[PDB]
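Chemist: I have a structure here, written as structure tokens, and I will follow up with some questions on it.
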Protein chains: 2
Amino acid sequence: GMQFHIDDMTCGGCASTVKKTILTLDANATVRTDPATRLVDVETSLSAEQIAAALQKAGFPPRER
Amino acid sequence: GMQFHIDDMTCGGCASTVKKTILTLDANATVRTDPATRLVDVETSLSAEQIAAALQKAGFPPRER
Ligand SMILES: [Ag+]
Ligand SMILES: [Ag+]
Ligand SMILES: [Ag+]
Ligand SMILES: [Ag+]
Ligand SMILES: [Ag+]
Ligand SMILES: [Ag+]
Ligand SMILES: [Ag+]
Ligand SMILES: [Ag+]
Ligand SMILES: [Ag+]
Ligand SMILES: [Ag+]
């Protein structure tokens, strides 16, 4: 996809931290977050594991979907 | 919408600065950027003028669409 579910992304403000995290890792990435579903869609040249590793370190451990 | 066209948003990295700008103003906002069209879609409780004013100060003067 790539797509993650992030159980700890419980509001608009967590979603913003998630988005900023990813865009700091890859300024060319496209990220969509949905607080209703806790799903995060990412377009990036980076691997899923790289994105996940960053999300984990920021306190938002994901599961890849 | 709200939607803007941002002529100075010429690559992925400008788009990232635009996105971060808006999410710093309103952590609950949803923002979509498209580097092919230089269009930025925003869901926010803030006014268009507030978003635009912030975008202007960051060096990304928009036109509302
Ligand atoms: Ag939250
Ligand atoms: Ag919260
Ligand atoms: Ag949070
Ligand atoms: Ag929070
Ligand atoms: Ag994005
Ligand atoms: Ag640029
Ligand atoms: Ag550039
Ligand atoms: Ag730029
Ligand atoms: Ag640039
Ligand atoms: Ag957004």
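Residue numbering restarts at 1 in every chain; chains get A, B, ... in the order shown in the structure tokens, and ligands count up from 1 in that same order.
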Identify every residue of chain A that has at least one atom within 8 Å of any atom of chain B, counting only C-alpha atoms, and report the result as a PyMOL selection string.
Modeler: chain A and resi 11-13+15-16+20+23+27-30+32-33
Chemist: For the strand (DSSP E or B) assignment from backbone DSSP, which residues of chain B qualify? Please present them as JSON, numbers by chain.
Modeler: {"B": [3, 4, 5, 30, 31, 32, 33, 34, 39, 40, 41, 42, 43, 63, 64]}
Chemist: Please write the residues from the selection above to a file, keeping C-alpha atoms, as a tab-separated table (two decimals), in the first residue's frame.
Modeler:
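Dumped everything to again_33.tsv:
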chain	number	residue	atom	x	y	z
B	3	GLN	CA	-9.16	24.24	-1.13
B	4	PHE	CA	-6.21	26.38	-2.17
B	5	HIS	CA	-3.88	26.54	-5.13
B	30	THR	CA	-6.87	17.06	7.82
B	31	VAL	CA	-4.69	18.26	4.92
B	32	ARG	CA	-4.18	16.74	1.43
B	33	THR	CA	-1.46	18.12	-0.88
B	34	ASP	CA	-0.89	17.24	-4.54
B	39	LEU	CA	-3.74	22.02	-4.78
B	40	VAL	CA	-4.15	21.74	-0.99
B	41	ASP	CA	-7.39	20.52	0.58
B	42	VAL	CA	-8.02	21.37	4.23
B	43	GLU	CA	-10.63	20.25	6.79
B	63	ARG	CA	-5.38	31.42	-3.81
B	64	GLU	CA	-8.65	30.05	-2.36
Chemist: Within chain B, find each residue whose DSSP state, derived from the backbone, is alpha helix (DSSP H), and express the selection as an MDAnalysis selection string.
Modeler: chainID B and resid 12:25 48:57
Chemist: List as an MDAnalysis selection string the protein and nucleic acid residues near segment 57-61 of chain B, meaning an atom at most 8 Å away when only C-alpha atoms are counted, but skip any in the same chain fewer than 5 places from it.
Modeler: chainID B and resid 6:9 18 21 52
Chemist: Hey, can you check how far atom CA of residue 62 of chain A sits from atom 1 (Ag, counted along the ligand's line) of ligand 1?
Modeler: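 Going from atom CA of residue 62 of chain A over to atom 1 (Ag, counted along the ligand's line) of ligand 1 covers 14.7 Å.
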Chemist: Work out how far apart atom CA of residue 10 of chain A and atom CA of residue 48 of chain A are and give it in Å to one decimal.
Modeler: 21.4 Å
